[PDB]
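Chemist: Let's see this in three dimensions:
(one chain, ligands or ions: 1)
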Amino acid sequence: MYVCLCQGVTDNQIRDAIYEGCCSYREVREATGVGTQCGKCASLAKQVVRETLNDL
Ligand code: FES
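Modeler: Numbers count the residues shown, from 1 in each chain. Find the structure here:
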């Protein structure tokens, strides 16, 4: 699904960024742009990031 329409970021792309080495929400945002435009998706993006980091 699209977490972030403004930047075309899907949930699987967020997970990809983490499995590829991103270790924080800030890094996922820098890698993908998630949440940087209107900001409205940030809470959902943060949830995906934290759950995926805990599952490494
Ligand atoms: S939906 Fe993600 S920044 Fe607008």
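Chemist: any idea how far stretch 20-29 is from the chain center?
Modeler: The gap between where stretch 20-29 is centred and where its chain is centred comes out at 8 Å by CA atoms, centre = their mean, to the nearest Å.
Chemist: Of all the residues in it, which ones are buried?
Modeler: For stretch 20-29, a neighbour-count test (16 or more other CB atoms under 10 Å) marks 22, 25, 28-29 as buried. In this view, the C-beta of every residue, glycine as well, is placed from N, C-alpha and C.
Chemist: now swap in stretch 2-19 and tell me
Modeler: Going by neighbour count (16+ other CB under 10 Å), the buried part of stretch 2-19 is 3-4, 7, 9, 11, 13-15, 17-18.
Chemist: Tell me the one of these nearest the ligand?
Modeler: Nearest to the ligand among those: residue 4, at 3.1 Å, using CB to the nearest ligand atom.
Chemist: Enumerate every residue touching the residue nearest in space to the middle of the chain.
Modeler: The centroid of the chain falls nearest to residue 14 when counting by CA atoms, centre = their mean (3.9 Å). By CB atoms under 8 Å, 6 or more residues apart in numbering, residue 14 lies in contact with 3, 28, 32, 34, 45, 48-49, 52.
Chemist: How about residue 46?
Modeler: Residues near residue 46 by CB under 8 Å, 6+ apart: residue 25.
Chemist: so does the helix or strand where it lies get close to the ligand?
Modeler: According to DSSP states H and E, residue 46 maps onto helix 42-54. No. Judged by CB under 6 Å from any ligand atom, helix 42-54 stays clear of the ligand, getting no closer than 7.1 Å.
Chemist: Can you dump the C-alpha atoms of stretch 21-39 in CSV for me?
Modeler: The C-alpha coordinates for stretch 21-39 follow below in CSV (Å, rounded to 0.1, in the frame of the first residue of the first chain):
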residue,chain,number,x,y,z
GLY,A,21,20.5,-1.0,6.6
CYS,A,22,18.6,2.1,7.7
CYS,A,23,18.6,2.2,11.4
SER,A,24,16.2,5.1,12.3
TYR,A,25,13.2,6.9,11.0
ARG,A,26,15.4,9.8,10.1
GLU,A,27,17.4,7.6,7.8
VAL,A,28,14.3,6.1,6.2
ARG,A,29,13.0,9.6,5.6
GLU,A,30,16.3,10.6,4.0
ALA,A,31,16.3,7.5,1.8
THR,A,32,12.7,7.6,0.6
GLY,A,33,11.3,11.1,1.3
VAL,A,34,8.5,9.7,3.4
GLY,A,35,6.6,12.3,5.3
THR,A,36,8.6,15.3,4.0
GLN,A,37,5.9,17.0,1.9
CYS,A,38,2.4,17.4,3.5
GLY,A,39,3.6,15.5,6.5
